[PDB]
């Protein structure tokens, strides 16, 4: 292995889910989806061990046609990330395509409380 660079990169826990019982999360998610049917509610939290800054607001109401890439730029600005700093999103531990819409990701991956959960990391 001496001639190789060994690259080192599931333990995600959303504090929103730790702090608030499922039934209360679902009551909120259902109210939002009924009132704003063209938008999707998203919880965005930092992955453990990520040395990147913590995001100030975790709850977003996003137009369904907004892409991952457009949302990346919004989140980058909120964290005040420098251009040289990396940011990756994970939905159920998988990085989505940058051109996927938030509506598509919500339809495919929202949990039964009607939220889409996104983790972010710098690696």
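Numbering follows the first chain given and starts at 1. By rigid core we mean the largest C-alpha set that fits within 1.5 Å across both forms.
Student: Which stretch is more displaced from the shown form in 7 other deposited structures of this protein, 47 to 55 or 87 to 95, with RMS over structures and residues of Cα positions after a rigid core fit?
Tutor: Of 47 to 55 and 87 to 95, the stretch deviating more in 7 other deposited structures of this protein is 47 to 55.
Student: What size is the break between residue 9 and residue 10 in terms of deposited sequence residues left without coordinates: none, 1 to 3, 4 to 9, or 10 or more?
Tutor: Unmodelled stretch: 1 to 3 residues, a short break.
Student: Per the record, averaged over C-alpha atoms, which has the higher B-factor: 84 to 92 or 46 to 54?
Tutor: Between 84 to 92 and 46 to 54, it is 46 to 54 that shows the higher mean C-alpha B-factor.
Student: 12 to 20 versus 104 to 112: which one carries the higher mean Cα B factor per the record?
Tutor: Per the deposited B-factors, the answer is 12 to 20.
Student: From the list 39, 59, 35, 26, select the residue with the highest C-alpha B factor recorded in the entry.
Tutor: That would be 35, according to the entry.
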